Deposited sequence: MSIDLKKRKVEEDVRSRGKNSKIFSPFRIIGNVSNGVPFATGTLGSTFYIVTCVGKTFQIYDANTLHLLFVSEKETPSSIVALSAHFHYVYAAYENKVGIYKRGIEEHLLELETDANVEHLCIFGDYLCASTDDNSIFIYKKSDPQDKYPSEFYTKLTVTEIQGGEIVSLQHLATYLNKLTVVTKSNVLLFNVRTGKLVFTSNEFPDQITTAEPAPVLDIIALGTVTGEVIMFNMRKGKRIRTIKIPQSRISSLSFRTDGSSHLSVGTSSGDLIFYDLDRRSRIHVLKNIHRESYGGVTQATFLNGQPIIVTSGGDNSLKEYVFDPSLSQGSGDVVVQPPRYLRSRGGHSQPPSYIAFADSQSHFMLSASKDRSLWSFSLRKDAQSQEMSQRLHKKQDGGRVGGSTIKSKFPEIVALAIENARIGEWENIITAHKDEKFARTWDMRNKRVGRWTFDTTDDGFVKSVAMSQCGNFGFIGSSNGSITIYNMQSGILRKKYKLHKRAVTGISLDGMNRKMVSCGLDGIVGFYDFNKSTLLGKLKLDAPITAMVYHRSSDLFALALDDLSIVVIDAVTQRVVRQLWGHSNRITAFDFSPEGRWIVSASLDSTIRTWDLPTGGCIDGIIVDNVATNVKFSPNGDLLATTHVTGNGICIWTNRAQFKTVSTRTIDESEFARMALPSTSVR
C-alpha cells in the first residue's frame, strides 16, 4: 500500500514468557520459545537459532509442547502441529473455549481448555507421526476437582493421564474414559507440577513455598520441602546422576536443592525480572548438568554445574522494554546499536543467525537519552558515546569488545548531557549541555579539547561536516549555531520560531534537518547557513526522522501515528503510512536498502525494505494503514 516501504522482519525477539518447550534433536536437544504469534527453535548446546515458524497464528500462542520432532502450539480453540517450523496439521477443538494446557504421550494428544474440559485425540495407527482423530472429551466437574493447572504423563502409566488441579490430583484412563483415581483435597493451591525420575512420583509446587512429592499409586505424600515465602513457578529434576531439584519462583530466583542431603544447594538471585513473571520456566537438560531458564523479560539463559555453585554458561536475549534509541553501527549492515528504558545497551546482528550481545557495563547505568556511534576507529579506541538520564557526563563504549569504555565526558557547566555526537573520522566526541555549553573531547585520550558557549537553553543537537570544517548546533532556545571547528569563531546564528528538539545531519549532502515544537521539520544548508526548506503536515509531536542516503528524501515519525516520506526538491509529502503502533525511531540503513523503526510497544526493531531504490504527487488522507512486519519472516 505504501509506495516506498514494505515490511520485512523484526529483530531482537527471543522469548515472551510462555514456558518454553524442550524436544529431541538427534543426539542433542532443542528449545522452543514463544515470540507472540510465532515460535523459535534453538539448539540447546549452542543456543544457535535453528528455526522460526514460517506462518503467524491468528492469535497469541498460549502453550507450547515438544514431542520428538514435532512442536505443538496452542492458540484460541486450536492446536497446531509443526515440523521444522512448518505446520503439518491443525486441530480445531469443538468448543468456543481456549486451550490452556497440552500433554502428548503414547498414541495420545491431550488438550485442556479454560472450561475444565480435556480434549483427547488419538493416533489411528501407533506409527502415525501425530494424533489427528478426535477420540473423547473428558471433563473435570467442580466436585471432581478444581481448576486445571497442569497435564502430565508419568513414566510407565500406560493410557493414563495425570490431571493436576488447584485443589487435587486426578488420574484418568484416556482409553476407557474412567477416572481411576482422585487424591484427597490439597489445602493450599497447586501452581506447578513435574514428574519425578522415579516410579509413581509427581512433584507439586504450591502458592505457599511447598514442594510436595506425591505418590500417585498409593495416593499419599512421601515428602514435603518448604521454601520460605516463595511462590513456586517451575520445577525440574536433575538427571545426570546427582539427585538435585530446581525450583523457580515468581520473584525471579532459581533455587537448587539436594534431595539426598536434604539441604539447599544454592540460589541464583534475580536471573529474571519479577515484574515480567520471574522464572516462567527452568529445565534441566536430560542427562546433562545444564539447566535452561527463561522469563517474560525476553531472555533465555543456560547455567552449568562444573565437576559447587552453578556457573553462567551462555544466553540469548534482547531488551525487556521497547528500544528507546537506535543506530546502524557499520556500513556493511552487520550490527545495530540499541538502547532501551530497561537500562541496557545492546548490539543486534542483522544477519541470519540473529546473534546479539548486551554491551558490558563492567544497578545498571541510568537509561540512555542520546546515542552516537562511528565505525571508523573500531578496535583502536572508544567509538560510542551515550548520554544518561539526569547525569552531567556522557559515557563512552568500545564496539570491538562490546564493553563500556575508559572515558567520561563532563559538560563543565553543571548541566545534564542532552545531546551527543561524533566526527566521521572518530577522533572527536561532542557533548551538548542542558545549560547551553558545547564541549569537544578527544576520543583517543579522553582530554577536553574545546568549549563553546552560545546557547542559553538546552543544546538538543550537535554535528560536524565530514571534513571537520563547520560545526552546527541547535537548542530549545530556537537558535541554530554555526562554528568554525579549526578555530573557535562563531560563524553564524539562525533564530527559528520554535524550540528545536532534535537534529539529523546528512554528511554527504551537508544538509541538516531539525524538529521543531511547532510540528514542522526545518531543513538547512550548512554551507550557506540558510534554511532551504520547511515541512508541514504532522498533526502531533515529531518523534524521529532521517535522510535517505542519497539526500533526496526525509522520512519522519510522529505521535500522530504516521510515518511520512518527504521529497526535498519540492518539500511535499509523497507517501504516508498510518500505523497502529506509534513509531519512536526511524533510521535509514547506510545503503538505501533498509529502514529500521522502533515503536511504543514491542521489544524489537522493525526492518522495512525500501522498494523504491517514484511519483512526486502530494497526498492527504490517501495514507496507507499498514501493519508492522511479521515475526514469522526469516
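Taken in order along the deposited sequence, the stretches absent from the coordinates are 1-19, 327-337, 393-408, 660-663.
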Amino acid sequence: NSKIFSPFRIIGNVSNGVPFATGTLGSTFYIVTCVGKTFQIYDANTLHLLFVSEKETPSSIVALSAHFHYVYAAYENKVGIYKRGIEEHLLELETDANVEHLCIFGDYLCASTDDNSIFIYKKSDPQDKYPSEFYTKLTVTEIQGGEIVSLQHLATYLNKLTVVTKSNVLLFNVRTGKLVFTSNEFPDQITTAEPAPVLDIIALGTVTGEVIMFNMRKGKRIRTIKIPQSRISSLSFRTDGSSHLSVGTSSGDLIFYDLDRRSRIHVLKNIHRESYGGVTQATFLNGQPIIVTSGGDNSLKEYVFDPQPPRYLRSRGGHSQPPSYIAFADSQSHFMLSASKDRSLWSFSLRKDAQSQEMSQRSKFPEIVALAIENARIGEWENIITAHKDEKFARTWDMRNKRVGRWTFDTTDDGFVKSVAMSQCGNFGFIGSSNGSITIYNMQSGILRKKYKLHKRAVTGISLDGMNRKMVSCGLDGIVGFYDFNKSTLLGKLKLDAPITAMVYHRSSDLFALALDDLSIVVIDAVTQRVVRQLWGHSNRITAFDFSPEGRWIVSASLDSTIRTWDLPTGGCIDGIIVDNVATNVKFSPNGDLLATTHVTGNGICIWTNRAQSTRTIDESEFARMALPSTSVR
From here on, numbers count along this sequence of modelled residues.
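Higher mean CA temperature factor, per the PDB entry, when comparing 134-142 with 319-327: 134-142. When 385-393 is weighed against 88-96, 88-96 comes out higher, by mean CA B-factor as recorded in the entry. Out of 194, 477, 188, 200, the entry records its largest CA B-factor for 188. Within the group 108, 416, 441, 483, the record's highest C-alpha temperature factor is found at 483. Annotation for residue 34: C-alpha temperature factor in the lowest third relative to the rest of the modelled chain, per the entry.
Per the PDB record, residue ranking by Cα B-factor puts residue 602 in the middle third of the chain. For residue 466, the recorded CA temperature factor ranks within the highest third of the chain's modelled residues.
Residue 403 sits in the lowest third of its chain by CA B factor, as recorded in the PDB entry. Residue 496: CA B factor in the highest third of modelled residues in this chain (values from the PDB entry).
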